[PDB]
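In what follows, chains are A, B, ... by sequence order, proteins preceding strands, each numbered from 1. All values below were derived from every heavy atom in this structure, side-chain atoms included, with hydrogens, water molecules and symmetry-related copies excluded.
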Amino acid sequence: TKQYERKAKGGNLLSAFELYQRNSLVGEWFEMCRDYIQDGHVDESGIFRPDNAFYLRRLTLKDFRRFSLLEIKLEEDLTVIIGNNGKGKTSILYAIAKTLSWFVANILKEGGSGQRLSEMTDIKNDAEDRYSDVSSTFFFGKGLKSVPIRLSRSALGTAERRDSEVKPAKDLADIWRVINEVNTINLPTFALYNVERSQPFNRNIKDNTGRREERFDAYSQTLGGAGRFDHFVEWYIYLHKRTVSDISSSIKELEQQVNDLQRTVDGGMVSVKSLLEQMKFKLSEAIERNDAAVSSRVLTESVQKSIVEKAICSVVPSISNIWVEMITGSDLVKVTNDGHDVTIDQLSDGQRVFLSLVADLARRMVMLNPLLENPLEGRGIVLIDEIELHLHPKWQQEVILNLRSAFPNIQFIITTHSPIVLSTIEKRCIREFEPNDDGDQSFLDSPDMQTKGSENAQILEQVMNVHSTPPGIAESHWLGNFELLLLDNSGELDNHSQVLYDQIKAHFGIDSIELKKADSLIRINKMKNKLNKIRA
Amino acid sequence: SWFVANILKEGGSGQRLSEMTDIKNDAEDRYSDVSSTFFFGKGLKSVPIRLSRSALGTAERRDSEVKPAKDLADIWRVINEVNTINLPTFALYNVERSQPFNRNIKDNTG
RNA sequence: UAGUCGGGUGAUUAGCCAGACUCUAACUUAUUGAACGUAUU
DNA sequence: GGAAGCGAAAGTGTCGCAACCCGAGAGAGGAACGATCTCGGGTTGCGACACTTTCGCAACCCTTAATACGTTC
Ligand SMILES: [Mg+2]
């Protein structure tokens, strides 16, 4: 109508799409939708930025599990959830993953269904209303500032049923699906990495049926919690084989075989006609696949391989190189780890688990963003539980910075209990989870203290409520006691203070921080007393 | 199954006739109907239900008529929520009831 | 026996009384339209 | 007819298990090596069940109705 036309010309994506669907100026509306999704600019740092960003803004949980009512505001870039009560933290990530299942389902199939809330486990046990709600609001540029979705479930036997409200999510996912069908676009990545990602590696890898090469394999088990590192390895070996081979040589060889078979049928051998028809079909299929590959605007296998290799080596500190070796009629992925060439099964658990996360994520981003110069600059939402899992302090100090550098437009929602990780993150990104004895909280608060660039010891005390020295060790209190003894006299070493000083010296050593502090205390108190005498 | 579904949930869905097996093989019309009337006292002498299905392939599709079942089941459900009432039992025991027993298998589902 | 029909009574959609019927076998429905009854004209 | 959300019905694919095979290795009897038993890695077939697809219940009442009271369709 004229109203839709005005709104569409004003930049409203849904109105433009509705006009496109009714008329199917059809070309103009299609172009407007496609430009809304694809337009973007390269910033001063050389990073591509979409003009219309996609992220989760807000989440509300009503009578869900232990929560009566909980509201969370999320940052566009990075949100970190902290707290001792780690079972509630995981509940929050589960709620988000279920919501994201609705986008994935509808990008894959018209009328796709995402996941539903459980009547048994998701409804709070003492809920008066006997239903549960998970409400989410997404943002997609100024044209679509609010995309609300609600997942709901009522108890059995209630007077009224509580149904989910998913139409806005489906409408948006439909735009992505339909526009992509006509003309390839870049698509959003959704992924969940739970503690399940720590699992051992099956060294034996499965024969390539060729599901892994299909673009929408990027959405396979993406919200399951462990990634699919096995799928990566299969896909990566596949890429290697194609790079070493020529593409269309099989077509040229098949073309030659069909030509040879055609000559035989022309020479009077009618018995081989059935075989010719089969080979012609194979040739047509190969050309079609080639054409579809050509039509799908996908990156060359060589380029795909290179992108992923770079990503892995950049993010995973111990890995400098990754490649496929053809040995013993069996393809093996090898890595240079800490300067030495090893198989994946020879890596440490910390290295393997982190490698698996990054490899999985990069594979999916490459598959879903074929039109970007750097496919890892694509859009998406990634959930990571216990990011510090298996990581040494040195890696904890770099992990968030490395991830954000490799995937600059992903919205990361993470959980941690690491002060070292928190030292690299702004307090605005931090949400603290301090529930009551009933496990129930209303809002999640940012800490008072700035964490980014702060000392770890301060974060421990001010944010995580942990003393810098272990309270259950006597020696941890000696310097405090020593100070008290000095203050109880004028500030002179009495017999008691001297004994303790000697104990500190004996235990911690002559050049210990503890002893230096004691020495400092003596010196300052002596100087205070001298001042006092001069004044008297 | 339509009464049970609607006692459990407002607008619950009961079961359906099979389009593969339940239509009579040599029926000239390619659909089946199962029509039932229930009685619930002199204040509700007739609760008619019809389940219908057209054969697989057929272009015309025959609709079920289940609203009376839903209407009655709504009364049971709503009245019960305000003040507890006794509810009707519906059960089928077919020849599938003869099964091996297993104490070790437990249902962790509800 | 049960179900059904219904003459009466009953501050009356109940209850009670009387009489009767029985193909395997009623389940009381829908307007502003149409038709029928009543009113108005 | 059939919105939007939902689940029944029916077909397909995945995946973990159990059974089995094989070569390696320590080393019984007393000098001649290697008997017997177990480790550890791999292959195969099976079947339970997770995933996928399709159907179908029935909102709304289209710009467009009349209004004395009843009954029927
Ligand atoms: Mg009338």
Side-chain angles (χ1 to χ4, degrees), chain A residues 101-102 104-106 108-119 133 148-154 156 160-171 173-174 199-207 209-212 214 216-217 219-226 228 230-231 234 328-330 343 345, chain B residues 1-2 4-6 8-23 31 35-74 102 105 107-109:
Chain A
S101 74
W102 287 83
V104 172
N106 278 274
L108 289 164
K109 276 280 273 63
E110 184 177 65
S113 295
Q115 291 182 273
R116 283 172 170 116
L117 300 175
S118 172
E119 296 85 296
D133 286 351
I149 159 164
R150 187 186 73 174
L151 304 184
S152 297
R153 188 56 79 148
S154 42
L156 296 171
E160 296 252 271
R161 199 174 67 184
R162 241 302 205 269
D163 288 344
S164 300
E165 300 175 70
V166 290
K167 176 175 162 59
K170 288 182 152 271
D171 290 345
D174 283 359
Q199 59 181 249
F201 178 68
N202 299 305
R203 185 189 301 106
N204 298 304
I205 208 76
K206 303 286 183 291
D207 185 6
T209 23
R211 286 169 274 243
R212 303 295 85 79
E214 297 194 69
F216 283 5
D217 194 63
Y219 287 120
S220 306
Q221 284 99 83
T222 192
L223 292 166
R228 288 297 235 124
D230 56 319
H231 292 187
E234 182 166 315
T328 61
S330 56
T343 66
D345 73 54
Chain B
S1 75
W2 286 83
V4 174
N6 281 270
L8 287 168
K9 302 175 215 168
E10 173 185 46
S13 290
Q15 287 176 246
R16 293 187 176 174
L17 306 177
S18 179
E19 74 190 306
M20 318 301 282
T21 60
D22 289 344
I23 291 90
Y31 73 86
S35 300
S36 301
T37 18
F38 296 84
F39 176 90
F40 189 38
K42 294 224 299 185
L44 183 47
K45 288 180 184 174
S46 188
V47 182
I49 304 163
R50 191 182 80 218
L51 300 195
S52 294
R53 204 76 191 276
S54 292
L56 187 79
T58 306
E60 283 186 78
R61 316 299 296 158
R62 183 85 176 142
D63 311 339
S64 294
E65 298 166 303
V66 297
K67 172 168 173 55
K70 293 186 173 180
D71 293 344
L72 180 52
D74 282 354
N102 270 288
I105 306 163
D107 183 80
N108 303 13
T109 310

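- The separation between B:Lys67 atom NZ and D:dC57 atom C1' is 12 Å, rounded to whole Å.
- Taking each heavy atom of A:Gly111 and A:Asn106 in turn, the nearest pair found is N-OD1, 3.9 Å.
- The residue B:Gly12 sits apart from the nucleic acid: no heavy atom pair falls under 4.0 Å.
- Using P as the reference atom, C:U32 and D:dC69 are 8 Å apart when rounded to the nearest Å.
- Contact annotation: the side chain of B:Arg53 never approaches that of B:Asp22 to less than 4.5 Å [non-hydrogen atoms, C-beta and beyond].
- Atom NZ in B:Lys42 sits about 14 Å away from atom P in C:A26, given to the nearest Å.
- Across all strands shown, C:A2 forms a Watson-Crick or G-U wobble pair with C:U22, both key distances being under 3.5 Å.
- Computed from coordinates, the A:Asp133 CG to D:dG5 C1' distance equals 15 Å when rounded to whole Å.
- With its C1'-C2'-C3'-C4' torsion above zero, D:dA59 shows a north sugar pucker.
- Within the shown strands, nothing qualifies as a pairing partner of D:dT64 under the Watson-Crick or G-U definition with both distances less than 3.5 Å.
- When the nucleotides D:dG42, D:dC57, D:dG5 are ranked by their closest atom to the side chain of A:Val166, D:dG5 comes out on top.
- When the P atom is used for both D:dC37 and D:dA28, the distance is 13 Å, rounded to whole Å.
- For the pair C:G10 and C:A11, the rule of 5.5 Å between ring centres and 30° between base planes classifies them as not stacked.
- Residue-level contact check: A:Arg162 touches neither bases nor backbone, having no heavy atom under 4.0 Å from any strand.
- Between D:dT54 and D:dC61, the two P atoms lie 32 Å apart (nearest whole Å).
- Nucleotides D:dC6 and D:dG56 satisfy the base-pair criterion: a Watson-Crick or G-U wobble arrangement whose two donor-acceptor distances both fall under 3.5 Å.
- In this structure D:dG29 is paired with D:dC33, meeting the Watson-Crick or G-U wobble definition at both distances under 3.5 Å.
- Neighbouring nucleotides D:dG34 and D:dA35 fail the stacking criterion: their six-membered base rings are not both under 5.5 Å apart at the centres and under 30° between the planes.
- Base orientation at C:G6 is syn, since its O4'-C1' glycosidic dihedral falls within 90° of 0.
- A:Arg150 comes within 4.0 angstrom of no nucleic acid atom, judged by non-hydrogen atoms across all strands.
- The side chain of B:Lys9 places an N or O atom within less than 4.0 Å of a non-bridging phosphate oxygen (OP1 or OP2) of D:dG7.
- In this complex the side chain of A:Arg116 is positioned in the major groove of the paired bases, with a heavy atom closer than 5.0 Å to a major-groove atom.
- Using the rule of two distances under 3.5 Å, C:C5 and C:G19 count as a Watson-Crick or G-U wobble pair.
- D:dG70: sugar pucker north (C1'-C2'-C3'-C4' torsion positive).
- Distance check on atom P: D:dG30 versus D:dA35 gives 15 Å, rounded to whole Å.
- Evaluation of the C1'-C2'-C3'-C4' torsion of D:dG23 gives a negative value and hence a south sugar.
- For the pair B:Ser18 and D:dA10, the criterion of a side-chain N or O lying under 4.0 Å from OP1 or OP2 is met.
- With a 4.5 Å cut-off on side-chain heavy atoms, A:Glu165 and A:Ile149 do not count as touching.
- Here the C1' atom of nucleotide D:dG41 and the CZ atom of A:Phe201 are 15 Å apart, to the nearest Å.
- Across the strands present, D:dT72 finds its partner in C:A34; the criterion is a Watson-Crick or G-U wobble pair with both atom distances under 3.5 angstrom.
- For the atom pair A:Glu119 CD and B:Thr109 OG1, the distance stands at 11.5 Å (nearest 0.5 Å).
- Residues D:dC57 and D:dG5 show canonical Watson-Crick or G-U wobble pairing, with both defining distances under 3.5 Å.
- When heavy atoms are screened at a 4.0 angstrom cut-off, B:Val47 is found touching no nucleic acid atom at all.
- B:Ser52 and B:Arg62 make their closest contact through CB-CG, 3.6 Å (heavy atoms, listed as atom of the first residue, atom of the second, distance).
- Among D:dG42, D:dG11, D:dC55, the nucleotide with an atom closest to any side-chain atom of B:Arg53 is D:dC55.
- Spacing between atom CG of A:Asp171 and atom P of D:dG5 amounts to 9 Å, rounded to whole angstrom units.
- Using a 4.0 Å cut-off between charged nitrogen and carboxylate oxygen, A:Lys167 and A:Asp171 count as a salt-bridge pair.
- A positive value of the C1'-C2'-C3'-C4' torsion places the sugar of C:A20 in the north (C3'-endo) family.
- Using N1 to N3 plus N6-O4 or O6-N4 for Watson-Crick, or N1-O2 and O6-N3 for G-U wobble, each under 3.5 Å, D:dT36 pairs with D:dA26.
- OP1 or OP2 of D:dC6 lies within a sub-4.0 Å distance of a side-chain N or O belonging to A:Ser164.
- Using P as the reference atom, D:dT63 and D:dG7 are 34 Å apart when rounded to the nearest Å.
- Residues A:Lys206 and A:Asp230 are not paired through a salt bridge, judged by the lack of any N-O separation under 4.0 Å between the basic side chain and the carboxylate.
- Under the rule of centres below 5.5 angstrom and planes below 30 degrees, the bases of D:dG27 and D:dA28 are not stacked.
- Between C:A25 and C:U4, the distance separating the two P atoms is 13 Å to the nearest Å.
- Summary of the strand contacts: B:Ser54 and A:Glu119 both lie near DNA chain D, and taking for each the nucleotide with the nearest heavy atom, the more 5' one is attributed to A:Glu119.
- Across B:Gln15 and B:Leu51, no two heavy atoms sit closer than the pair O-CD1, 4.0 Å.
- Shown here for B:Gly14 and B:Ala5, the closest heavy-atom pair between the two residues is N-CB, 3.8 Å.
- The partner of C:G15 is C:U9, by the rule that a Watson-Crick or G-U pair needs both atom distances under 3.5 Å.
- With the cut-off at 3.5 Å for both distances, D:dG42 forms no Watson-Crick or G-U wobble pair with D:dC60.
- In D:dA31 the base sits syn relative to the sugar, since the glycosidic angle is no further than 90° from 0.
- Judged by ring centres under 5.5 angstrom and plane angles under 30°, C:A26 does not stack onto its neighbour C:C27.
- Here B:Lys70 lies in heavy-atom contact (under 4.0 Å) with sugar-phosphate atoms only.
- Rounded to whole Å, atom P of C:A2 lies 15 Å from atom CZ of B:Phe39.
- D:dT71 and C:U29 are spaced 11 Å apart, taking the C1' atom of each and rounding to whole Å.
- When every heavy atom of B:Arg50 is checked against every heavy atom of B:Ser35, the shortest pair comes out as CG-OG, 3.4 Å.
- Pair assignment for D:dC49 gives D:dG13, based on Watson-Crick or G-U wobble hydrogen-bonding distances that are each under 3.5 Å.
- Per the geometry, CD1 belonging to B:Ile23 stands 13 Å off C1' belonging to D:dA9, to the nearest Å.
- Base stacking between strand neighbours C:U4 and C:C5 is detected by the criterion of six-membered ring centres within less than 5.5 Å and interplanar angle below 30°.
- When side chains are defined from C-beta on, B:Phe39 counts as touching B:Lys45, because their heavy atoms get closer than 4.5 Å.
- Per the geometry, CD belonging to B:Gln15 stands 12 Å off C1' belonging to D:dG7, to the nearest Å.
- Base pairing of C:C27 is not made with any nucleotide, judged by Watson-Crick or G-U wobble geometry with both donor-acceptor distances under 3.5 Å.
- Considering only side-chain N and O atoms, B:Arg61 lies nowhere under 4.0 angstrom from the phosphate OP1 or OP2 of D:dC55.
- Pucker check on C:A14: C1'-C2'-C3'-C4' positive, sugar north.
- Atom name P, nucleotides D:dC15 and D:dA4: the rounded distance is 35 Å, in whole Å.
- Pair assignment for C:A39: none, as no Watson-Crick or G-U wobble contacts are both less than 3.5 Å.
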